[PDB]
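Trainee: coordinates only, sequence not included:
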Ligand SMILES: NC(=O)c1ccc[n+]([C@@H]2O[C@H](COP(=O)([O-])OP(=O)(O)OC[C@H]3O[C@@H](n4cnc5c(N)ncnc54)[C@H](O)[C@@H]3O)[C@@H](O)[C@H]2O)c1
Ligand SMILES: NC(=O)c1ccc[n+]([C@@H]2O[C@H](COP(=O)([O-])OP(=O)(O)OC[C@H]3O[C@@H](n4cnc5c(N)ncnc54)[C@H](O)[C@@H]3O)[C@@H](O)[C@H]2O)c1
């Protein structure tokens, strides 16, 4: 049994939702249909470190259907869906994940992905947030020798790739999947538009209409979060350090404020900064009784939970806790400040994960077949692959593409079949 | 009298709205405040070809307050605001613009900007759409010798710069102002979100709620147009050739369709493609009686108005015409298919033009002082200037910026004062 799940009996349930999820994930099904014969990933050995969810079970079974060998692990202690993990393990796939890991179990699960029976080594890393990349770079430099590349899923993991490259610490080729237009401008934005609401709802059942909600950060995650809340009738406030994102938020009608100023006025706070200690002890002490505080950025770092260890915690239900201040005023904290959408719900729905994961598979086929051509820097996929990803998803939602005539193509300077935009088009 | 306006008497009216517009344009007022002493543009001679509107009168008076010499002209035969043009001419500034130019008058107005009394030559070009750039490149190559650079305002003019560079025809340095984040993602999007409605309303007074509206194109102009219509209760349809933009539109809830399929179903059509003949004769013949057809892309090319010259035209009021088909069915065409927002209204409001025009002034200070450093290619302004532009506009709309601490700045790898994003961040 080369697996470690919480409950292997949930496999049938997991399989049932995986079947459903395949009808929601046309990108991966289409990648199956195209590459299942050739098996471009035959000989690949992939250490996965990405939320072990049902959508991820489809990505895994798609890499397998393309010939690859994998070992998986979640990148968050609360993000694994157990029946998904169970259905993967039942298929003979090594997976180490369960909802509710301790920090020690988490890093052991990561360690499990790096070695398998009969000297199984990875030549591929598939990493969401940089933890698997840092473990191999700092604790198995003997592993980095056989690694063709890493494909990083999220903004925070990409920033960590950059500081590595900046101090000559990045020692393998790295594909920024996060910055595929069909990841960043879709997953981070439209997915969080749906799963933040989900997380808040499952955790607290709080009415959104009429509440004052503060989004710290107006990147693609913040942009989607704010849409979510404003659509349910919340007054949305936005904090920003970047004047350009601040202006976008202002011009969508949000008031741009600082937490220093508004900590007493907010009913809900969502941290989406990817930064450190943007919610402090003084902020939480100033917050009103039963204020809901949650983090949708990648790391818990965003709130200073250390500053709440003095106080007494009363658990409400799993991943929903009260912190009681000395004056008896209570704060509701979701998932102890880890990813609220995956921690208190099920993350992004499968359809938008399909665009992200089609980008991941493509980057694995590409890292596995042409890694020689890449140095120890970060790169993004070509635009024509980005367009192919989007093209594979138009059918599911019934969007019909117009076809350029020869002269229209010449008129705007493009080939009929794309690419349709200059490299730095922002969409 | 080195000017040619329709009516010099409108100067006082123009001046009154210019004064108002200054309180809406903090970017240019702030640029005045910073650079009015030094006058970084002393010695500059700028041929302007950009919609002669009230906002543009502020940009012009700002370049003047920074020391420059200018001659102006609109880039559209219907876009000049006459009282704005009148107030500029009254200030002793040469301007050749009026609402209702013929094509011959238009190109003569452009020609006027290239020479002034006592051998006045331009060393600077400020061009919105490429017409001034093409005139100088193809009909005054003796002028190109003294030209430091051109700053291009719009997507279509940038595409024309690119085909020039691709065939070695671009012979001066060129600054893509359109692709400053604080132009493209603001002017094209939030401005058209407001002035398309304006144009349709002033021209026809048609109810938007309940109407089926088709946007051809889902770039930044199309994205804003669709927001505009959906917010007034229209059913919005979208056409696209780019699968990525098609997917964005689908995921905002628009149906993505082709005009070939839906020509009989639409009450309003807005062309926003920057392309050629996207509305054909067969489309217009299939359209319902009193269908409203308008173009918000840069050039009339988008509709095949030639194919309507057979038919009888009945004028409704200025820039609002009927085309009568042989079966007596009538189409409403705005501004004979030229820019509907500037042709049937007043273009974008001054505030968003201030962000665009602050980018223009910056690019003129930069082209005028460091043109040696640039070749005969297209370039964009540095991110730190983009951020400065946004920063100058936060105060007007009361957005308060959060300040990074030293450790937060290190945590995400940026300087406290910016730039805050990697170069290819898409916002
Ligand atoms: N929950 C999810 O499913 C999900 C999905 C994608 C990314 N993420 C994570 O969310 C975080 C943000 O993602 P993103 O893609 O929006 O990145 P982003 O860079 O686009 O957005 C971050 C924004 O926060 C702002 N910010 C940074 N520090 C701040 C501070 N102290 N105060 C106010 N604003 C501040 C930045 O200026 C930036 O605009 C990342 O850590 C990313 O890994 C989560
Ligand atoms: N009215 C204004 O105030 C204003 C402001 C900015 C730009 N513009 C003009 O509007 C035009 C578009 O501007 P933009 O910034 O949105 O450019 P853009 O490139 O972002 O958008 C153009 C979109 O139209 C799509 N398209 C092209 N041909 C098509 C076809 N045959 N069918 C369907 N879709 C098609 C493209 O795929 C693209 O997504 C440009 O000509 C620009 O100069 C006008």
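Mentor: Nice, I can see it. Numbers count the residues shown, from 1 in each chain, chains lettered A, B, ... in the order given. Ligands and ions are numbered 1, 2, ... in the order given.
Trainee: neighbours of residue A:197, just the number please.
Mentor: Counted with other Cβ atoms under 10 Å in any protein chain shown, the neighbours of residue A:197 add up to 18. All C-beta spots, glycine's among them, are computed from the backbone N, C-alpha and C.
Trainee: and what of residue A:358?
Mentor: Residues lying near residue A:358 (other Cβ under 10 Å) number 29.
Trainee: secondary structure element for it, which one?
Mentor: Using DSSP states H and E, residue A:358 maps to helix A:350-370.
Trainee: one more: residue A:420?
Mentor: Going by DSSP H and E, residue A:420 is not in any helix or strand.
Trainee: wait, it touches residue A:384, no?
Mentor: No - using Cβ atoms under 8 Å, residue A:420 is not in contact with residue A:384, being 9.5 Å away.
Trainee: neighbour count winner among these two?
Mentor: Legend: neighbour count by other Cβ under 10 Å for residue A:420 and residue A:384, higher for residue A:420 (22 against 12).
Trainee: how close does the more buried one get to ligand 2?
Mentor: Distance of residue A:420 to ligand 2, computed by Cβ to the nearest ligand atom, to the nearest Å: 5 Å.
Trainee: count residues in the vicinity of the nearest residue to that residue once chain neighbours are set aside, would you?
Mentor: Once flanking residues are discounted, residue A:420 sits nearest to residue B:242: 4.2 Å by Cβ to Cβ, 6 or more residues apart in numbering or on different chains. Number of residues near residue B:242 (other Cβ under 10 Å) recorded here: 25.
Trainee: residue contacts, residue B:242?
Mentor: Remark: with contacts taken as Cβ atoms under 8 Å, 6 or more residues apart in numbering or on different chains, residue B:242 is in contact with A:387, A:418, A:420, A:421, B:218.
Trainee: what's it sitting at in phi/psi?
Mentor: phi -90, psi 120 (degrees, to the nearest 10).
Trainee: could I get the full set of helices for the stretch 201-350 of chain A?
Mentor: For the stretch 201-350 of chain A, the helices defined by DSSP state H, counting those that start in this stretch cover A:220-231, A:243-251, A:259-262, A:281-286, A:340-343, A:350-370.
Trainee: tell me the residue of the stretch 151-300 of chain A that sits nearest ligand 2?
Mentor: With Cβ to the nearest ligand atom as the measure, residue A:181 is the residue of the stretch 151-300 of chain A nearest to ligand 2, at 12.1 Å.
Trainee: for burial, what's the neighbour tally of that residue?
Mentor: For residue A:181, the number of neighbouring residues by other Cβ under 10 Å comes to 25.
Trainee: same question, residue A:115
Mentor: 14.
Trainee: from memory it sits against residue A:121, does it?
Mentor: Yes - contact criterion Cβ under 8 Å: residue A:115 and residue A:121 qualify, at 7.0 Å.
Trainee: so for the helix or strand residue A:136 falls within, what gets flagged as buried?
Mentor: Using DSSP H and E, residue A:136 falls within helix A:131-139. For helix A:131-139, the neighbour count (16 or more other Cβ atoms under 10 Å in any protein chain shown) marks A:131, A:132, A:133, A:134, A:135, A:136, A:137 as buried.
Trainee: with stretch A:274-293 instead?
Mentor: So for stretch A:274-293, counting by 16+ other Cβ under 10 Å, buried means A:274-279, A:281, A:283-287, A:291-293.
Trainee: over to stretch A:205-214?
Mentor: Buried-residue list, stretch A:205-214, by 16+ other Cβ under 10 Å: A:208, A:211, A:212, A:213, A:214.
Trainee: and of those, the nearest to chain B?
Mentor: Nearest to chain B among those: residue A:214, at 11.2 Å, using Cβ to the nearest Cβ.
Trainee: who's the closest one bridged to?
Mentor: Listed by DSSP bridges, the beta-bridge partners for residue A:214 are residue A:237, residue A:269.
Trainee: for residue A:383, the count of nearby residues, please.
Mentor: Other residues close to residue A:383 by other Cβ under 10 Å number 18.
Trainee: can I assume it is in contact with residue A:419?
Mentor: Yes - distance between residue A:383 and residue A:419: 4.1 Å, which falls inside the contact criterion (Cβ under 8 Å).
Trainee: quickly note the distance from the residue nearest to residue A:98 when sequence neighbours are not counted to residue A:176.
Mentor: Residue nearest to residue A:98 in three dimensions, not counting chain neighbours: residue A:6, with 3.7 Å by Cβ to Cβ, 6+ apart. Per Cβ to Cβ, to the nearest Å, residue A:6 is found 33 Å from residue A:176.
Trainee: same drill for those two, tell me which one is more crowded.
Mentor: residue A:176 (25 against 16).
Trainee: hang on, that one packs against residue A:153?
Mentor: No - contact between residue A:176 and residue A:153 fails when scored by Cβ under 8 Å: they sit 9.5 Å apart.
Trainee: and the buried residues of stretch A:274-293 near ligand 1, which?
Mentor: Among the buried residues of stretch A:274-293, proximity to ligand 1 is found for A:274, A:275, A:278 (Cβ under 6 Å from any ligand atom).
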